[PDB]
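In structure tokens, the next block holds one chain alone, the form deposited in one PDB entry.
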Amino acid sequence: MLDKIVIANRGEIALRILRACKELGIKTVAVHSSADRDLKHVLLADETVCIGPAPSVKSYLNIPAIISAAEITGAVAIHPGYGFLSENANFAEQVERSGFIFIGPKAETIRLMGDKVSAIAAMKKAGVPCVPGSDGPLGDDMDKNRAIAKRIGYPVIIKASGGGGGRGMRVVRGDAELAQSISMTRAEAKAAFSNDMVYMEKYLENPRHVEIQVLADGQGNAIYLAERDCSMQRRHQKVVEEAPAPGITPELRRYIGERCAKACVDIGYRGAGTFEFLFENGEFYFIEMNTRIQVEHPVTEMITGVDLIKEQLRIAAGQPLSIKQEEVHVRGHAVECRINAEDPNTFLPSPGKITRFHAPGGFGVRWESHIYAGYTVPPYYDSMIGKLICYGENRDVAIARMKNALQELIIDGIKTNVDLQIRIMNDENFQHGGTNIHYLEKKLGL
């Protein structure tokens, strides 16, 4: 087991990682900005290093500062959590070059799956179903681009290869908009990624977002841990997640899971990862792979019993997976509501000082948050301040427990989305299940 690690993150996920480390007897080094001295996990960590001022560019994105912290404390590995540098292949490469273990895949694998064109080609080769598309980048020949659009069939969508997560894409429903849509998508990618590569895919009108959790070790084992539905979104930001996904049969779960596990073997994947799909008319279509742990991992933990952070750490130390595929069973149902410090009318972040705080409790209730009474949510980072996860023997019990837990949650002094989450739990279409990626925005419009 790893002697000591740097937790290269903040907020709820840093706390999540710290607890896993403590369970395994791994010493913790909490690197933090000057604005984050009073983070719960920093206060609980074995050692702390202030790596820079509040702005992320000088702290949580500061590669030299993070590697220096690892060097100075005699740490042996770095866990990047999610966001920040977790999908930064150059960072992973520098970590391993500097002699530390990166808790994630090989840098080459991060790079492969961080290029959407190259990622799709690899998934297609491995036998994972993808969206019909250009299977290659678009050039400047509009005769050729119209022909690709014709072959796919309108509507199509133009997507940046260096993008992802709903960033940098345009829907095209006819030839008259194709040239300008390609040109604008290209320009925005060049400005944002210094990578002007774009591709074309079939546009799916009303899909659900369904993603598959995998784990792969250094001994050749690769397993899938069922799926999560993350269709409840606003501007491509997930708001509620659940596992398993309503209406997915054991046969479908098996079909898609095995293809994901096989893909991991083919690409030499290591650690935790997620295959994201659009699901429509009973069919899966790969869009992207997240080569890292995700925000919503706890719903999969609740339904499988597998501690995914502890698995990441075990894999990094050179231990095989603690469970075999035949030992992975979906039991019960879990729902996650993201708790955001945000204004209810503008949806902009709403930082400030929490004056009273009370967490819900009870059977099947899991609260993931660093916040406490008297804690100030700083303005420099993401609006998500906690995650409420509720488990039940079925989806209805999970939803009932969430309603009750949301009612016990007290966060005064700042504006939050608790009331909105209560509205969603009480929504008759959500209670039925299987709502698509457009539903929340449709509801919020009403």
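Note that residue numbering begins at 1 and tracks the sequence as displayed.
Another form, the form deposited in another entry, is not on view; read the next lines as being about it.
For the rigid-body turn between the shown form and the other one, the listed residue at the hinge is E205, chosen from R235, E205, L348, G74. Between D135 and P105, the Cα spacing is larger in the other form than in the shown form, differing by no less than 3 Å. Relative to what is shown, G153 and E283 are closer in the other form; their C-alpha atoms differ in spacing by at least 3 Å.
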